[PDB]
Amino acid sequence: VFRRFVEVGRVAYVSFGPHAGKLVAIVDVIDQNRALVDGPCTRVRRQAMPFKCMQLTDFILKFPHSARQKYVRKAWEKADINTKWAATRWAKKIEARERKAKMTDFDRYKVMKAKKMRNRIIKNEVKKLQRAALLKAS
Amino acid sequence: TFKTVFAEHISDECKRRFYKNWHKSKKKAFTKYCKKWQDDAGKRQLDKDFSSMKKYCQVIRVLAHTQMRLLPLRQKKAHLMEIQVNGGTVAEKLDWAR
Amino acid sequence: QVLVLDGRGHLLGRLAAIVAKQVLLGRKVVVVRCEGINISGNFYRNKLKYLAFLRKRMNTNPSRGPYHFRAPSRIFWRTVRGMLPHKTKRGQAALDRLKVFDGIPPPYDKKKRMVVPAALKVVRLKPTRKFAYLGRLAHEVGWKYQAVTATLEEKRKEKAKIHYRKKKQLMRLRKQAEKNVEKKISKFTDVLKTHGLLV
Amino acid sequence: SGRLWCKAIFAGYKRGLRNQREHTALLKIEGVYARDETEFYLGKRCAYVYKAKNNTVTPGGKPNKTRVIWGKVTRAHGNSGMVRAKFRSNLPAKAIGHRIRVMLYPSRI
Amino acid sequence: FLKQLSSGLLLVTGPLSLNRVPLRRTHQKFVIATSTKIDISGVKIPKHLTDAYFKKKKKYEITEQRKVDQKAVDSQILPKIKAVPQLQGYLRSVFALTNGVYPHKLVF
RNA sequence: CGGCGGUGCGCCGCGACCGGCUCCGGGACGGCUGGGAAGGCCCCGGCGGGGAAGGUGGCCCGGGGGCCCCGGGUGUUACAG
RNA sequence: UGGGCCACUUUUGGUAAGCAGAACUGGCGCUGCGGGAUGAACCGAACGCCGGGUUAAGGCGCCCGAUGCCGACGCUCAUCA
RNA sequence: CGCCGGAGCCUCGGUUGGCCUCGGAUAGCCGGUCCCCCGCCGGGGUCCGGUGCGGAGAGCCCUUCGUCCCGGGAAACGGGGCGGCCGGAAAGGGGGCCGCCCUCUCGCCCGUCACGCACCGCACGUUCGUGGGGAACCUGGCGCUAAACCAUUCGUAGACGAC
Ligand SMILES: [Mg+2]
Ligand SMILES: [Mg+2]
Ligand SMILES: [Mg+2]
Ligand SMILES: [Mg+2]
Ligand SMILES: [Mg+2]
Ligand SMILES: [Mg+2]
Ligand SMILES: [Mg+2]
Ligand SMILES: [Mg+2]
Ligand SMILES: [Mg+2]
Ligand SMILES: [Mg+2]
């Protein structure tokens, strides 16, 4: 059973291609494997874009199937898609990946030193929990 | 083959099988193996071996040799073969064999 | 360093090509569960292909002609051999560093197995197309250890299920421990969340 | 107190299907699988390290069994991440599929 | 890094109390420049130290002139890097390559 | 353990700048066309007059419910275009 | 030297032939080289001994250099593809 | 001659951190809860969470300059070195646990104090590794003193070997 559908108004995430990592909205369906998309508030012109480079999200904003740039923009700003996407765990994971890639040598040394102690402490408390469970089960 | 267990006493008839020249030998086959039966730790290990065979093996074959002292033939070296044991569970097959 | 690949769900030729290339490059590769390898096309087609291969035989002296191995592991090995330049020292060394098994022997039952998504049936074949199972094909051609391997594999599966349940309990306990000591370890959780190692 | 050299495999010689040019070598560096990703390694010098029977002198040490043929990464090859290397002596054919050390110090970062 | 000499060789100091690297010359090519800076502009390097100073003369003994020059420079530089947390430990550690760590993917 | 002029190093190496030949990369400037086509913003840019459906509300019927959603009917911007 | 043979188009005898006979041009013979797995005449291109670059015809799952492109659009299931 | 127990020599090369495991579906999966139902904790029912997999291999673990002073943080049940308990047969596991005789408040993270051939810009540096194989030097302990072939005989065998 399916939960995401390709209908007029659903916003989508561009996985690869020129406008990768930007959100577009389905404006009209051209054919089996081509869609008309438009990002008014996110630096994407109106263009045909294949379905293979997109991937749907759980957001739908309403406009007519042939509406204009102004109307798509006002629907976007009314829906607050930028803030909602920023809140989304999907975008949180994306930006965490970006930050980890951007991490430098000094940051790598800091992270190594910190996680050394974090793992040490958590392992000690795990041993404590194991001993508690064993004694209450014996 | 998973494991092989022999009897404590084996007659010279079957001992002849293990030598190509019985006249020149010292007849030392199984002379150090036979002690596994008369010692406490040895027979404990033997019972452990029997338990392992009981819990692991699938087919049990028994080793038996003919008695060639009851025959008019010239040769005195016994013929030793493996005879399979067919029956119920492996545990009772091994118990019957032992 | 040894590349261990789970053969269940993989396509024969595509997995074999990648294995041959890696082995030529110099890795030691072990392919495991060769009875689970699939082949595109329906079973009747595949078994007539193998029966024609079986019919190929040296008229003058069959004991010197082609050897038609029936084990699925040997079938996979022969495919890789055909993709390798096996008449040279380089090809023979490659074949030597390749190792192929049926089922999962217990040097490798306790090791994580890799997969090759470029050679998976679910990725390469259309869902409406047919396929065949190499274990069934080998059994119908003359392989004689289909049931033995199945019983040993279900034993392995039960032991692995017990281990996985234990591991699940253990790491749930670890998560509870981190929730317990979060007050103490916040000073490092924050510096990991500011560099993307967390969440 | 660790590794300061990247891992590469001497795949083979510059060749067609039926002709071999021994003066150029093909290398697989691990982790690089794209022509646009090979740019970091152009100009880096590479070395092949092997052992022999009797000793040879070493810079800053007592003689040992190790010997080295030096090279240099010239330019990329294909689309999958190959590079071309030119060694001051042609690599022996027994080194096919063995480790070639790729250094970092001819750096331009 | 402190300065570039008249022969194009970098003048590296290193803290002796940190990693036992003395006032030394290095070549610009055989180094990696990490993205970590120190506000060193408020530090004065003695003029007399140059390529003629650092060039090999001819068993090697460390001169008192070298020791006092190093003491002055190192005493000037240490407090400025003590102001950056964990920087002394980072300088004291040693860089190395481990499994799966790819130089062309990591931002230095 | 001299300065210069010329010749070279016992072997193994390194660097720098110059010139020649190549393969790439990063910037910025300008010309022409339908003296680009579309597009952006100015309340659909404003003022009037039309069109129809891949028909928005509205109204009618029905069902899935708890006022929303879905299918069909009519129609000409109304609470979309 | 005065035995020739092969190929695009034209062409005579023959049912036809890797047959037998002509015209034009180019080849092999006298000729290596890259591709057509392999081949006298097919495609590309003709050769002193080498280094760098780039191509032709043909290719880029593995043998085997190169698509390890997040290639585009369709058609096709073959128990003789 | 065989096992446990010291420097070395010759020769053969490679290599330069480990991942210790569910089964699987793909028009569907993963993790908990148990108010519930059967069965020797398991399967299911319910509900709540994630799913471009974050309980993510785009991952995790270890992360090595060293030593010397004092302080904080972490530990206190911890760190290391004896007897028992379990861990395995497809090609058998050097793992955990219990008591232990002793020892340290040293290991890890933040700071303070200086020190080490600072060998004078330069290459194969850094391991797996008491590596595999072959000769002898050697201090001891626990142990053991065979078989095959020929020659002869047999004829259930036989060209000769072989049997
Ligand atoms: Mg070495
Ligand atoms: Mg003539
Ligand atoms: Mg003719
Ligand atoms: Mg002639
Ligand atoms: Mg001519
Ligand atoms: Mg020619
Ligand atoms: Mg052909
Ligand atoms: Mg032509
Ligand atoms: Mg050339
Ligand atoms: Mg080809």
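Add -39500 (n - 2.57) for each DSSP H run of 4 or more in chain C, then divide by its residues: what number comes out at 222 nm, to the nearest 500 deg cm²/dmol?
-18000 deg cm²/dmol
Take the Cα of E:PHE30, go 7 Å toward its beta carbon, and the backbone nitrogen atoms of segment E:53-82 under 19 Å from that spot belong to E:54-58.
Per-residue ellipticity at 222 nm from helix content only, as computed over chain B with -39500 (n - 2.57) for each DSSP H run of at least four residues, stands at -9000 deg cm²/dmol. Counting only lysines at least 8 places from C:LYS49 when in the same chain, those with an alpha carbon closer than 16 Å to its own are C:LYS130.
Taking every DSSP beta bridge that has both ends in the protein assembly as shown, the antiparallel portion is near 85%. Of the trypsin sites (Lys or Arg not before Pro) found in segment A:57-138, the ones in coil according to DSSP and having at most 15 other Cβ atoms within 10 Å of their Cβ are A:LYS62, A:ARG68.
Could you please rank C:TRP77, B:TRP96, placing first whichever residue has the fewest other Cβ atoms within 10 Å of its Cβ?
B:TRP96, C:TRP77
If you average the C-alpha positions of segment D:5-41 and of segment C:98-134 separately, how far apart do those two centres end up, in angstrom? Cα centres, segment D:5-41 to segment C:98-134: 30 Å. Summary of the geometry: segment B:46-98 and segment C:43-74, compared by the centres of their Cα atoms, lie 40 Å apart.
Selection among A:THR88, A:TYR109, A:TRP76 by position relative to the dipole of the protein assembly as shown gives A:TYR109 as farthest towards the positive end (Cβ unit charges, Cα centre). Counting other Cβ atoms within 10 Å as a rough exposure proxy, the listed residues B:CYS34, D:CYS6 run B:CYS34, D:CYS6 from fewest neighbours to most. Assuming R0 = 51 Å, what is the FRET efficiency of B:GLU82 and C:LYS167, from their Cβ-Cβ distance, to the nearest 0.05? After rounding to 0.05, the efficiency reads 0.70. Dipole of chain C computed with +1 at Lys/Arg Cβ and -1 at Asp/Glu Cβ about the Cα centre; of C:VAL19, C:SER63, C:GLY91, farthest Cα towards the positive end is C:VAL19. Have a look at D:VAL73, D:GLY60, D:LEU42 and report the one farthest towards the positive end of the charge dipole of segment D:13-109, computed about the Cα centre with Cβ charges (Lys/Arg +1, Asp/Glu -1). In segment D:13-109, that residue is D:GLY60.
At q = 0.11, 0.12 Å⁻¹, work out log10 I(q)/I(0) for segment D:22-109 with the Debye formula, treating every Cα as an identical point scatterer and leaving solvent out; two decimals please. Listed by q, the Debye log ratios stand at -0.34, -0.40.
The calculated FRET efficiency for the pair C:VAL123 and A:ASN82, based on their C-beta separation and a Förster distance of 35 Å, comes to about 0.50. In the elastic network of chain A, a GNM with C-alpha springs shorter than 10 Å, the most mobile of A:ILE122, A:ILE81, A:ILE30 is A:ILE122.
Please report, to one decimal in angstroms, the Kirkwood hydrodynamic radius of segment E:30-91 built from all distinct Cα-Cα pairs.
14.3
The value given for chain C is a Kirkwood hydrodynamic radius of 19.9 Å, derived from the mean inverse Cα-Cα separation. Cross-link check: pairs C:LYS56/C:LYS87; E:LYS29/E:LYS80; A:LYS92/C:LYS161 evaluated at a Cα-Cα cut-off of 29 Å; pairs beyond the cut-off: A:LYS92/C:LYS161.
In units of the rule-of-thumb radius 2.2 N^0.38 Å, segment C:99-175 shows an alpha carbon radius of gyration of 1.46. Give me the tail of P(r) for segment C:11-119 as a percent: Cα-Cα pairs with distance above 18 Å. Taking all Cα-Cα pairs of segment C:11-119, the fraction more than 18 Å apart is 56 percent. When chain C is treated as a GNM with alpha-carbon contacts under 10 Å, the residue of C:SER63, C:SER186, C:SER40 showing the greatest mean-square fluctuation is C:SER186. Among the trypsin sites (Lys or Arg not before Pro) within segment B:1-55, those in coil by DSSP and having at most 13 neighbouring Cβ atoms inside 10 Å are B:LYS3, B:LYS20, B:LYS24, B:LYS26, B:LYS27, B:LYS28, B:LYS32.
If only the Cβ of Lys and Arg carry +1 and only the Cβ of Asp and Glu carry -1, the dipole of chain E around its Cα centre is close to 320 debye. Full extension of the chain between E:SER41 and E:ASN19 gives 5.7 nm of extra length, using 0.36 nm per residue less the Cα-Cα distance. Modelled label positions at B:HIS9 and B:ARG69, each set 7 Å beyond Cα in the direction of Cβ, lie 1.1 nm from each other. Over 24 Å apart at the Cα level, from the set A:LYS128/C:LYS179; C:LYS112/C:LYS184; C:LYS21/D:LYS94; A:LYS113/C:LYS183, are C:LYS112/C:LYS184. With N as its number of residues, segment A:71-124 has a Cα radius of gyration that, divided by 2.2 N^0.38 Å, comes to 1.83. Checking every one of the trypsin sites (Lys or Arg not before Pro) in segment E:70-108 against DSSP loop status and a limit of 14 other Cβ atoms within 10 Å picks out E:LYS105.
Of A:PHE63, E:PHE95, the sequence from fewest to most neighbouring Cβ atoms within 10 angstrom is E:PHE95, A:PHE63. Note on segment C:8-164: antiparallel DSSP beta bridges, both residues inside, total approximately 50 percent of the bridges counted.
First check a/c for segment A:33-138, with a ≥ b ≥ c the square roots of the eigenvalues of its C-alpha gyration tensor; if it is under 1.5, answer rounded, and if not, answer prolate when a/b is larger than b/c or oblate otherwise. Cα axes put segment A:33-138 in the prolate bin.
Here Cβ is always computed from backbone atoms with ideal geometry, including for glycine, and neighbour counts include all displayed protein chains. Throughout, read-outs are computed from the coordinates displayed, never taken from laboratory work.
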